[PDB]
Amino acid sequence: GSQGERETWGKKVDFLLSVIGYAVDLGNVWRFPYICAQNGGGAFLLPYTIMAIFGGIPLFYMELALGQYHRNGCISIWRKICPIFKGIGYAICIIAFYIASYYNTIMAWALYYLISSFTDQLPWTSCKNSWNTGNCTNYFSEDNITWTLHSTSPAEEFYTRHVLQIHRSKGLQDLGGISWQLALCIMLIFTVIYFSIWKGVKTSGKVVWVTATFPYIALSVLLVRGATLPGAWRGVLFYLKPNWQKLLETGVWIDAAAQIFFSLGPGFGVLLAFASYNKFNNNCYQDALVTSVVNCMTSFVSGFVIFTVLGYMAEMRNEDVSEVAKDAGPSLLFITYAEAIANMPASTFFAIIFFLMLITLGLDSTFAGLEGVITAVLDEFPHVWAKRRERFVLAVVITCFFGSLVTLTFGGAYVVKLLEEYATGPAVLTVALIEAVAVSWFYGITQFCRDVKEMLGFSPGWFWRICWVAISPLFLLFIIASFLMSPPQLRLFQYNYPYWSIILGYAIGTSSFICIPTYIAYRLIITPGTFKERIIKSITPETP
Amino acid sequence: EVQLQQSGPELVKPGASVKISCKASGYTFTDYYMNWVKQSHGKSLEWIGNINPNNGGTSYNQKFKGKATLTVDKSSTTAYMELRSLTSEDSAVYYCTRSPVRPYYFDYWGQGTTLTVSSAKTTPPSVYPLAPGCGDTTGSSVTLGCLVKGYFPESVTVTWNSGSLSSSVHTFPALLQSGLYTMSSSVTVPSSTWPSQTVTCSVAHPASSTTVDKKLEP
Amino acid sequence: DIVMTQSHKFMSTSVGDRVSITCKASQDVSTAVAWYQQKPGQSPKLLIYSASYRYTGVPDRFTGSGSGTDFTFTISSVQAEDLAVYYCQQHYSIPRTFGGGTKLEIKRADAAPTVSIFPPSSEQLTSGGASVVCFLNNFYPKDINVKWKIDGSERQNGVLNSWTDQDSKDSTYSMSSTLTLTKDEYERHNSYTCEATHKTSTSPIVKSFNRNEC
Ligand SMILES: CC(C)CCC[C@@H](C)[C@H]1CC[C@H]2[C@@H]3CC=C4C[C@@H](O)CC[C@]4(C)[C@H]3CC[C@]12C
Ligand SMILES: Fc1ccc([C@@H]2CCNC[C@H]2COc2ccc3c(c2)OCO3)cc1
Ligand SMILES: *[C@@H]1O[C@H](CO)[C@@H](O)[C@H](O)[C@H]1NC(C)=O
Ligand SMILES: *[C@@H]1O[C@H](CO)[C@@H](O)[C@H](O)[C@H]1NC(C)=O
Ligand SMILES: [Cl-]
Ligand code: NA
């Protein structure tokens with residue numbers, strides 16, 4: 001009685017475009033074109049697909065199948081699979097928090113640009129502003145200029161001294177105080193996700209119609225726009241020129257694996273939640289297949305969208321697009337790409353749809369990000385919770401604002417990197433490995449093939465079987481070992497992070513991980529019996 | 001104005017190391033990239049690498065990675081290049097040249113640094129006055145010379161009367177044989193100041209730090 | 001990397017003629033080529049940057065052109081001091097590469113080689129050596145024969161020819177033919193004679209001196 005059976009989605013296309021909305025984000029736009037053109041160019045497509053087929057797709061489809069089959073949250077599903085690994089559901093809840101502290105501040109920057117892009121003369125065109133230094137040298141100014149080590153462009157000056165105000169902080173040590181503009185921007189973001197999540201899957205699923213389709217439109221406008229620019233073939237040459245020798249490096253495969261994993265994002269509980277609210281009779285194999293193939297191809301065309309404008313920018317400057325595309329991160333889109341689109345007709349248009357496109361890219365993904373955690377807590381503490389959804393949703397949203405207050409600082413950008421590199425990647429890889437191993441090895445991949453066989457009507461192929469049993473946990477294990485062995489020294493804006501950052505990072509990387517061995521200790525520590533007896537009753541799910 | 005004063009020539013035995021300086025002056029030193037170009041005898045220019053004087057930002061060439069090490073000092077505005085594992089190919093002239101960041105041209109260069117990598121002993125030059133005979137017919141102009149014989153390496157300077165005058169001085173290149181060089185110098189000066197006044201050739205060998213001056217006598 | 005190819009290692013021109021040096025790059029460069037002028041014995045001097053723009057302090061007689069891969073350096077009024085070796089260099093892709101180098105040799109009218117023979121000095125006779133010198137100054141072109149005569153016989157062992165580079169004032173080559181001998185052999189012969197065969201005249205110029213205290 002009472003609630004009993006769970007709710008169901010409003011249409012097939014909503015959940016298709018919804019999982020597509022989670023899959024597609026900023027990184028699809030600029031991360032993949034950079035990592036592609038840097039690691040052997042077009043040849044990077046060869047391992048990228050392999051790491052997709054053997055790694056990303058199986059985790060994606062396994063996660064999705066479990067989600068639609070068991071209809072449980074990220075915490076409650078472990079109660080009915082492997083209770084000792086229930087802490088996994090908790091770990092994600094912490095991980096997501098760390099992500100929601102920086103991912104939306106980027107959307108706040110794109111939002112600050114968007115509202116600052118309504119003026120007839122764009123701010124980052126002239127140097128006669130209140131934030132530019134004496135180094136600021138700009139165009140529509142005398143030709144022959146010969147750039148100096150200390151000179152700075154109006155776009156770099158605008159991004160550095162205004163929207164970030166990063167010159168007012170010395171690094172991780174001193175980063176305060178808070179830029180209230182980005183606080184209001186990210187507040188508006190938390191509002192626009194508040195009215196798109198608070199109701200549940202119906203609103204996220206309806207806002208997704210806009211948040212997942214518009215990026216293709218803006219990418220299409222900047223695509224046909226960037227294609228008509230003179231000398232844009234340079235960026236395409238640098239973008240797709242095959243350099244097969246780079247394929248001999250054992251690093252490149254690692255980069256491809258990490259890319260496809262962190263662009264499909266399986267085992268994060270978001271796909272579990274998005275899959276939970278669907279029909280048991282409804283097919284999901286085709287769903288997972290098509291959805292991934294969209295995320296990959298969308299990245300492929302996004303490469304052109306970026307490197308066409310970068311090619312035109314390298315033509316107006318002096319070629320070897322790599323030099324104009326050295327820095328990967330927020331500067332490739334907020335400085336180089338913005339300064340590139342500044343010299344184009346009706347620049348207000350392309351600017352508005354560009355930064356609006358950035359916000360539109362982050363919105364759907366963060367919808368899904370929150371959706372997974374919300375589903376997990378509501379399903380884990382029912383009746384004690386579900387009293388209202390706006391209460392718990394409001395709680396997690398304002399929590400994400402207070403979490404971003406460290407990021408809204410002057411040196412917030414610094415923290416963004418520290419959180420983007422150190423915290424998420426190793427832990428997420430770990431929980432994906434433990435999750436995959438627990439579904440494929442503990443629960444038994446045989447019974448999983450029986451669950452899919454009861455789901456779609458047919459048992460999954462021997463390919464999916466061997467991928468889940470061996471190829472996928474080895475796929476995650478690869479990136480785990482390669483990551484731990486060579487953690488990266490990182491620098492941003494002529495500032496090398498202190499030696500101790502990794503320590504801090506490891507804290508932020510493990511402070512979220514402590515819950516699973518301590519929960520195994522809590523489960524095995526709480527029920528008396530013998531060690532062999534209690535772990536045998538704790539590995540087998542509920543019989544009824 | 002803008003001056004890049006490099007260091008003198010260096011004679012070093014193969015397998016050792018050698019450091020070359022580059023005193024920059026006449027501009028804001030922190031405003032420009034400091035580059036190093038290699039020039040082999042009879043070869044083209046070869047870009048070794050650059051350095052950012054602010055933080056020592058060395059950007060090398062894959063062909064010179066581990067072969068050259070660029071350093072910089074702001075306290076004296078001087079850039080250095082150190083070379084290890086010296087062979088016969090490194091026996092070339094090296095320049096340090098200033099460059100902006102974009103466009104990347106080399107506006108101002110140094111005078112060059114002659115590096116000789118050989119185990120041959122530094123041999124002092126033999127200065128012998130090449131004077132015309134006493135039976136020649138003195139016309140409107142007399143041609144004189146001075147012979148520099150047997151020295152190593154090629155670091156040598158033949159001057160004429162403290163450089164006054166030298167509007168008709170033909171200096172012949174040095175030739176290498178059995179590990180020792182040999183060159184000759186000539187000067188065409190009118191007969192109305194000889195042998196009345198004093199004409200003297202000065203031979204200086206910087207590698208051996210010697211300077212022998214010989215006056216021409218008929 | 002980028003390979004800058006200057007197919008013509010040498011180019012002959014005259015004072016006042018229109019000269020143009022070519023430069024071939026590996027790939028498309030847009031307008032990112034700089035031309036340098038290295039005078040014999042000097043550091044390379046920057047003349048052109050970004051294909052066509054001239055650098056400050058460069059006379060109006062130096063121009064640049066080209067857009068894409070092939071670029072051209074033009075001199076309208078060649079002067080005697082414009083005698084140098086010109087290099088081309090790309091400035092877009094890391095690393096920055098240079099051209100092979102084009103030596104610009106100046107062509108003028110023929111000049112008679114002034115031959116002067118020199119007896120071994122007393123300081124060298126004192127050391128125990130004796131070198132008879134034969135200077136050949138101000139002639140054109142470079143091609144010239146030098147024949148030695150100790151006592152009328154063509155001496156060929158111990159003869160070294162040293163050609164200097166072209167001149168920057170009158171564009172005239174100059175060479176030295178050196179005949180190095182021992183003191184014992186020097187005090188057993190007297191009148192030394194060196195002769196030169198040039199294209200200015202069919203009869204070689206013959207110079208002679210005597211050992212007996214001149
Ligand atoms: C979240 C919690 C559990 C993490 C705490 C781990 C501690 C040991 C880590 C995290 C941050 C680190 C500090 C980061 C900042 C500095 C300032 C620097 O001048 C000295 C190192 C020092 C002092 C680090 C010491 C080690 C450190 C204090
Ligand atoms: F560790 C990883 C987490 C998430 C991913 C996703 C993979 C698919 N494309 C979008 C990536 C970011 O997703 C978001 C955006 C906002 C969020 C969020 C997730 O959780 C809380 O707030 C990849 C790796
Ligand atoms: C320009 O920047 C440099 C450092 O990048 C700084 O030293 C200099 O003072 C700046 N110029 C002005 C006018 O502030
Ligand atoms: C370009 O800049 C330099 C300044 O370093 C200046 O002296 C020169 O005259 C300018 N113009 C050209 C055509 O080089
Ligand atoms: Cl991707
Ligand atoms: Na993605």
# chains A, B, ... in the order shown; residues from 1 in each chain; ligands from 1
$ residues_around --residues "stretch 99-109 of chain B" --least-positions-apart "3" --cutoff "6 Å" --atoms "only C-alpha atoms" --output "list in words"
residues 146, 147 and 148 of chain A; 32, 33 and 96 of chain B; 46 and 91 of chain C
$ write_last_selection --atoms "C-alpha atoms" --output "PDB file, in the first residue's frame"
ATOM      1  CA  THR A 146      55.491  42.808 -31.341  1.00  0.00           C
ATOM      2  CA  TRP A 147      54.077  41.082 -28.113  1.00  0.00           C
ATOM      3  CA  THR A 148      56.109  41.175 -24.893  1.00  0.00           C
TER       4      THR A 148
ATOM      5  CA  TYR B  32      62.055  39.524 -24.159  1.00  0.00           C
ATOM      6  CA  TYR B  33      62.818  35.841 -24.737  1.00  0.00           C
ATOM      7  CA  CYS B  96      72.617  34.452 -28.145  1.00  0.00           C
TER       8      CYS B  96
ATOM      9  CA  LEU C  46      67.435  40.907 -39.045  1.00  0.00           C
ATOM     10  CA  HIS C  91      58.444  31.839 -37.102  1.00  0.00           C
TER      11      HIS C  91
END
$ residues_near_ligand --ligand "ligand 1" --cutoff "7 Å" --atoms "only C-alpha atoms and all ligand atoms" --output "list in words"
residues 173, 500, 501, 503, 504, 507, 508 and 511 of chain A
$ residues_near_ligand --ligand "ligand 6" --cutoff "12 Å" --atoms "only C-alpha atoms and all ligand atoms" --output "PyMOL selection string"
chain A and resi 19-32+56+60+212+258-266+291-300+302+361-362+364-366
$ atom_distance --atom1 "atom CA of residue A:54" --atom2 "atom CA of residue A:272"
20.2 Å
$ atom_distance --atom1 "atom 11 (N, counted along the ligand's line) of ligand 4" --atom2 "atom CA of residue A:316"
18.1 Å
$ residues_around --residues "residue B:112" --least-positions-apart "3" --cutoff "9 Å" --atoms "only C-alpha atoms" --output "PDB file with N, CA and C atoms, in the first residue's frame"
ATOM      1  N   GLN B   5      76.589  41.407 -25.307  1.00  0.00           N
ATOM      2  CA  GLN B   5      78.022  41.139 -25.253  1.00  0.00           C
ATOM      3  C   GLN B   5      78.234  39.706 -24.768  1.00  0.00           C
ATOM      4  N   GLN B   6      78.694  38.819 -25.658  1.00  0.00           N
ATOM      5  CA  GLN B   6      78.936  37.430 -25.288  1.00  0.00           C
ATOM      6  C   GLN B   6      80.337  37.266 -24.699  1.00  0.00           C
ATOM      7  N   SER B   7      80.700  36.019 -24.398  1.00  0.00           N
ATOM      8  CA  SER B   7      82.015  35.714 -23.855  1.00  0.00           C
ATOM      9  C   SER B   7      83.002  35.410 -24.981  1.00  0.00           C
ATOM     10  N   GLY B   8      84.283  35.352 -24.618  1.00  0.00           N
ATOM     11  CA  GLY B   8      85.321  35.108 -25.575  1.00  0.00           C
ATOM     12  C   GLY B   8      85.353  33.669 -26.056  1.00  0.00           C
ATOM     13  N   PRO B   9      86.286  33.394 -26.962  1.00  0.00           N
ATOM     14  CA  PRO B   9      86.431  32.037 -27.500  1.00  0.00           C
ATOM     15  C   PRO B   9      86.880  31.071 -26.418  1.00  0.00           C
ATOM     16  N   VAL B  93      80.395  28.258 -33.951  1.00  0.00           N
ATOM     17  CA  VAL B  93      80.142  29.585 -33.405  1.00  0.00           C
ATOM     18  C   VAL B  93      78.729  29.621 -32.843  1.00  0.00           C
ATOM     19  N   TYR B  94      78.583  30.134 -31.622  1.00  0.00           N
ATOM     20  CA  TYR B  94      77.292  30.188 -30.949  1.00  0.00           C
ATOM     21  C   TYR B  94      76.892  31.636 -30.728  1.00  0.00           C
ATOM     22  N   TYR B  95      75.619  31.927 -30.982  1.00  0.00           N
ATOM     23  CA  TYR B  95      75.055  33.253 -30.797  1.00  0.00           C
ATOM     24  C   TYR B  95      73.919  33.192 -29.790  1.00  0.00           C
ATOM     25  N   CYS B  96      73.787  34.243 -28.988  1.00  0.00           N
ATOM     26  CA  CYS B  96      72.617  34.452 -28.145  1.00  0.00           C
ATOM     27  C   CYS B  96      71.832  35.619 -28.730  1.00  0.00           C
ATOM     28  N   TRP B 109      71.353  40.196 -32.193  1.00  0.00           N
ATOM     29  CA  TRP B 109      72.229  39.061 -31.934  1.00  0.00           C
ATOM     30  C   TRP B 109      73.497  39.496 -31.212  1.00  0.00           C
TER      31      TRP B 109
ATOM     32  N   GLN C  42      80.244  38.947 -39.214  1.00  0.00           N
ATOM     33  CA  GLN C  42      79.307  39.635 -38.346  1.00  0.00           C
ATOM     34  C   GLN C  42      78.197  38.692 -37.913  1.00  0.00           C
ATOM     35  N   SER C  43      77.455  39.134 -36.931  1.00  0.00           N
ATOM     36  CA  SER C  43      76.303  38.375 -36.497  1.00  0.00           C
ATOM     37  C   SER C  43      75.168  38.544 -37.506  1.00  0.00           C
TER      38      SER C  43
END
$ residues_around --residues "residue A:280" --least-positions-apart "2" --cutoff "12 Å" --atoms "only C-alpha atoms" --output "ChimeraX atom specification"
/A:6,8-9,65-71,275-278,282-284,451-457
$ residues_around --residues "residue C:29" --least-positions-apart "2" --cutoff "9 Å" --atoms "only C-alpha atoms" --output "PyMOL selection string"
(chain A and resi 318-320) or (chain C and resi 25-27+31-33+67-70+90-93)
$ write_last_selection --atoms "C-alpha atoms" --output "short mmCIF file (atom, residue, chain, number, x, y, z; two decimals), in the first residue's frame"
data_model
loop_
_atom_site.label_atom_id
_atom_site.label_comp_id
_atom_site.auth_asym_id
_atom_site.auth_seq_id
_atom_site.Cartn_x
_atom_site.Cartn_y
_atom_site.Cartn_z
CA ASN A 318 50.52 33.06 -37.18
CA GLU A 319 49.65 29.36 -37.43
CA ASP A 320 50.86 26.15 -35.79
CA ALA C 25 59.11 25.90 -46.62
CA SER C 26 57.87 22.44 -45.62
CA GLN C 27 54.19 23.37 -45.14
CA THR C 31 52.84 35.19 -43.65
CA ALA C 32 55.36 34.01 -41.07
CA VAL C 33 58.83 34.23 -42.67
CA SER C 67 52.08 34.48 -49.03
CA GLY C 68 51.70 30.76 -48.33
CA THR C 69 54.80 28.56 -48.58
CA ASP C 70 57.29 30.17 -51.01
CA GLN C 90 60.10 30.48 -40.25
CA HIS C 91 58.44 31.84 -37.10
CA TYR C 92 55.16 30.00 -36.50
CA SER C 93 55.76 26.36 -35.56
#
$ atom_distance --atom1 "atom CA of residue A:475" --atom2 "atom CA of residue A:418"
25.0 Å
$ select_by_dssp --residues "stretch 74-162 of chain B" --states "strand (DSSP E or B)" --output "PyMOL selection string"
chain B and resi 78-83+93-99+102+109+113-117+123+126-130+141-152+157-160
$ select_by_dssp --residues "stretch 104-168 of chain C" --states "helix (DSSP H, G or I)" --output "number ranges by chain"
C: 122-127
$ write_last_selection --atoms "C-alpha atoms" --output "CSV table (one decimal), in the first residue's frame"
chain,number,residue,atom,x,y,z
C,122,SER,CA,115.6,38.0,-41.0
C,123,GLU,CA,113.6,37.0,-37.9
C,124,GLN,CA,112.4,33.9,-39.7
C,125,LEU,CA,115.9,33.1,-41.1
C,126,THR,CA,117.0,33.5,-37.5
C,127,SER,CA,114.4,30.9,-36.4
$ interface_residues --of "chain C" --to "chain B" --cutoff "7 Å" --atoms "only C-alpha atoms" --output "PDB file with N, CA, C and O atoms, in the first residue's frame"
ATOM      1  N   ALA C  34      60.817  35.309 -41.795  1.00  0.00           N
ATOM      2  CA  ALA C  34      61.747  36.386 -41.496  1.00  0.00           C
ATOM      3  C   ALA C  34      63.047  36.157 -42.258  1.00  0.00           C
ATOM      4  O   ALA C  34      63.553  35.030 -42.316  1.00  0.00           O
ATOM      5  N   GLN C  42      80.244  38.947 -39.214  1.00  0.00           N
ATOM      6  CA  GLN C  42      79.307  39.635 -38.346  1.00  0.00           C
ATOM      7  C   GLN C  42      78.197  38.692 -37.913  1.00  0.00           C
ATOM      8  O   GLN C  42      78.022  37.595 -38.448  1.00  0.00           O
ATOM      9  N   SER C  43      77.455  39.134 -36.931  1.00  0.00           N
ATOM     10  CA  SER C  43      76.303  38.375 -36.497  1.00  0.00           C
ATOM     11  C   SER C  43      75.168  38.544 -37.506  1.00  0.00           C
ATOM     12  O   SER C  43      75.072  39.579 -38.169  1.00  0.00           O
ATOM     13  N   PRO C  44      74.302  37.542 -37.640  1.00  0.00           N
ATOM     14  CA  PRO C  44      73.145  37.684 -38.531  1.00  0.00           C
ATOM     15  C   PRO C  44      72.331  38.907 -38.138  1.00  0.00           C
ATOM     16  O   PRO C  44      72.041  39.129 -36.963  1.00  0.00           O
ATOM     17  N   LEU C  46      68.826  41.031 -38.637  1.00  0.00           N
ATOM     18  CA  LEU C  46      67.435  40.907 -39.045  1.00  0.00           C
ATOM     19  C   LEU C  46      67.042  41.993 -40.040  1.00  0.00           C
ATOM     20  O   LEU C  46      67.230  43.185 -39.778  1.00  0.00           O
ATOM     21  N   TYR C  49      60.600  40.710 -41.421  1.00  0.00           N
ATOM     22  CA  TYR C  49      59.807  39.837 -40.566  1.00  0.00           C
ATOM     23  C   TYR C  49      58.378  39.804 -41.091  1.00  0.00           C
ATOM     24  O   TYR C  49      57.880  40.797 -41.629  1.00  0.00           O
ATOM     25  N   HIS C  91      58.757  31.462 -38.479  1.00  0.00           N
ATOM     26  CA  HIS C  91      58.444  31.839 -37.102  1.00  0.00           C
ATOM     27  C   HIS C  91      56.968  31.587 -36.768  1.00  0.00           C
ATOM     28  O   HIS C  91      56.208  32.488 -36.427  1.00  0.00           O
ATOM     29  N   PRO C  95      59.788  23.563 -33.664  1.00  0.00           N
ATOM     30  CA  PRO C  95      60.847  24.561 -33.502  1.00  0.00           C
ATOM     31  C   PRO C  95      61.032  25.478 -34.703  1.00  0.00           C
ATOM     32  O   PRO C  95      60.560  25.178 -35.798  1.00  0.00           O
ATOM     33  N   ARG C  96      61.712  26.601 -34.472  1.00  0.00           N
ATOM     34  CA  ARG C  96      62.046  27.559 -35.522  1.00  0.00           C
ATOM     35  C   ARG C  96      63.237  27.044 -36.331  1.00  0.00           C
ATOM     36  O   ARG C  96      64.298  26.764 -35.759  1.00  0.00           O
ATOM     37  N   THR C  97      63.072  26.898 -37.646  1.00  0.00           N
ATOM     38  CA  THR C  97      64.146  26.421 -38.510  1.00  0.00           C
ATOM     39  C   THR C  97      64.627  27.497 -39.479  1.00  0.00           C
ATOM     40  O   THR C  97      63.941  28.494 -39.731  1.00  0.00           O
ATOM     41  N   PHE C  98      65.821  27.277 -40.036  1.00  0.00           N
ATOM     42  CA  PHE C  98      66.448  28.201 -40.975  1.00  0.00           C
ATOM     43  C   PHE C  98      66.676  27.556 -42.337  1.00  0.00           C
ATOM     44  O   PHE C  98      66.580  26.339 -42.508  1.00  0.00           O
ATOM     45  N   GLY C  99      66.981  28.428 -43.319  1.00  0.00           N
ATOM     46  CA  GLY C  99      67.374  28.021 -44.653  1.00  0.00           C
ATOM     47  C   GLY C  99      68.851  27.669 -44.755  1.00  0.00           C
ATOM     48  O   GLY C  99      69.651  27.964 -43.873  1.00  0.00           O
ATOM     49  N   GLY C 100      69.207  27.014 -45.865  1.00  0.00           N
ATOM     50  CA  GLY C 100      70.583  26.587 -46.098  1.00  0.00           C
ATOM     51  C   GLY C 100      71.592  27.715 -46.228  1.00  0.00           C
ATOM     52  O   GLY C 100      72.786  27.494 -45.995  1.00  0.00           O
ATOM     53  N   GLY C 101      71.142  28.913 -46.606  1.00  0.00           N
ATOM     54  CA  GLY C 101      71.999  30.075 -46.779  1.00  0.00           C
ATOM     55  C   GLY C 101      72.408  30.332 -48.218  1.00  0.00           C
ATOM     56  O   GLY C 101      73.003  29.463 -48.864  1.00  0.00           O
ATOM     57  N   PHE C 118     107.667  37.991 -51.885  1.00  0.00           N
ATOM     58  CA  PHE C 118     108.306  38.445 -50.658  1.00  0.00           C
ATOM     59  C   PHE C 118     109.382  37.464 -50.208  1.00  0.00           C
ATOM     60  O   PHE C 118     109.130  36.240 -50.135  1.00  0.00           O
ATOM     61  N   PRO C 119     110.570  37.969 -49.881  1.00  0.00           N
ATOM     62  CA  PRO C 119     111.655  37.134 -49.368  1.00  0.00           C
ATOM     63  C   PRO C 119     111.513  36.866 -47.883  1.00  0.00           C
ATOM     64  O   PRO C 119     110.960  37.689 -47.139  1.00  0.00           O
ATOM     65  N   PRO C 120     111.991  35.714 -47.421  1.00  0.00           N
ATOM     66  CA  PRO C 120     111.962  35.407 -45.985  1.00  0.00           C
ATOM     67  C   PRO C 120     112.705  36.462 -45.174  1.00  0.00           C
ATOM     68  O   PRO C 120     113.831  36.847 -45.499  1.00  0.00           O
ATOM     69  N   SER C 121     112.057  36.931 -44.110  1.00  0.00           N
ATOM     70  CA  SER C 121     112.603  37.967 -43.244  1.00  0.00           C
ATOM     71  C   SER C 121     113.749  37.429 -42.392  1.00  0.00           C
ATOM     72  O   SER C 121     113.950  36.218 -42.257  1.00  0.00           O
ATOM     73  N   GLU C 123     114.010  37.667 -39.130  1.00  0.00           N
ATOM     74  CA  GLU C 123     113.559  36.993 -37.910  1.00  0.00           C
ATOM     75  C   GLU C 123     113.217  35.530 -38.182  1.00  0.00           C
ATOM     76  O   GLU C 123     113.482  34.652 -37.342  1.00  0.00           O
ATOM     77  N   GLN C 124     112.730  35.237 -39.393  1.00  0.00           N
ATOM     78  CA  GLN C 124     112.417  33.857 -39.733  1.00  0.00           C
ATOM     79  C   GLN C 124     113.677  33.122 -40.145  1.00  0.00           C
ATOM     80  O   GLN C 124     113.801  31.920 -39.879  1.00  0.00           O
ATOM     81  N   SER C 162      95.281  30.520 -50.774  1.00  0.00           N
ATOM     82  CA  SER C 162      94.246  30.955 -49.843  1.00  0.00           C
ATOM     83  C   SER C 162      93.442  32.076 -50.488  1.00  0.00           C
ATOM     84  O   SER C 162      93.949  33.193 -50.647  1.00  0.00           O
ATOM     85  N   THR C 164      90.525  34.784 -50.334  1.00  0.00           N
ATOM     86  CA  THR C 164      89.671  35.510 -49.411  1.00  0.00           C
ATOM     87  C   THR C 164      88.274  35.632 -50.013  1.00  0.00           C
ATOM     88  O   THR C 164      88.045  35.306 -51.180  1.00  0.00           O
ATOM     89  N   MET C 175      93.918  36.628 -53.205  1.00  0.00           N
ATOM     90  CA  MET C 175      94.424  35.335 -52.766  1.00  0.00           C
ATOM     91  C   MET C 175      95.905  35.424 -52.436  1.00  0.00           C
ATOM     92  O   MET C 175      96.605  36.341 -52.869  1.00  0.00           O
ATOM     93  N   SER C 176      96.375  34.451 -51.657  1.00  0.00           N
ATOM     94  CA  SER C 176      97.780  34.368 -51.290  1.00  0.00           C
ATOM     95  C   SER C 176      98.318  32.990 -51.634  1.00  0.00           C
ATOM     96  O   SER C 176      97.748  31.976 -51.221  1.00  0.00           O
ATOM     97  N   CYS C 214     118.931  41.256 -50.872  1.00  0.00           N
ATOM     98  CA  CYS C 214     118.117  42.012 -51.830  1.00  0.00           C
ATOM     99  C   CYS C 214     118.919  43.065 -52.590  1.00  0.00           C
ATOM    100  O   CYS C 214     118.605  43.391 -53.735  1.00  0.00           O
TER     101      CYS C 214
END
$ closest_atom_pairs --of "chain C" --to "ligand 4" --cutoff "10 Å" --atoms "only C-alpha atoms and all ligand atoms" --output "Markdown table"
| residue | atom | partner | partner_atom_place_in_ligand_line | distance |
| --- | --- | --- | --- | --- |
| C:47 | CA | ligand 4 | 14 (O) | 9.3 |
| C:48 | CA | ligand 4 | 14 (O) | 8.2 |
| C:49 | CA | ligand 4 | 14 (O) | 7.6 |
| C:50 | CA | ligand 4 | 14 (O) | 9.5 |
| C:52 | CA | ligand 4 | 13 (C) | 8.8 |
| C:53 | CA | ligand 4 | 13 (C) | 5.1 |
| C:54 | CA | ligand 4 | 13 (C) | 4.9 |
| C:55 | CA | ligand 4 | 14 (O) | 3.9 |
| C:56 | CA | ligand 4 | 9 (O) | 4.6 |
| C:57 | CA | ligand 4 | 9 (O) | 8.0 |
| C:58 | CA | ligand 4 | 14 (O) | 9.1 |
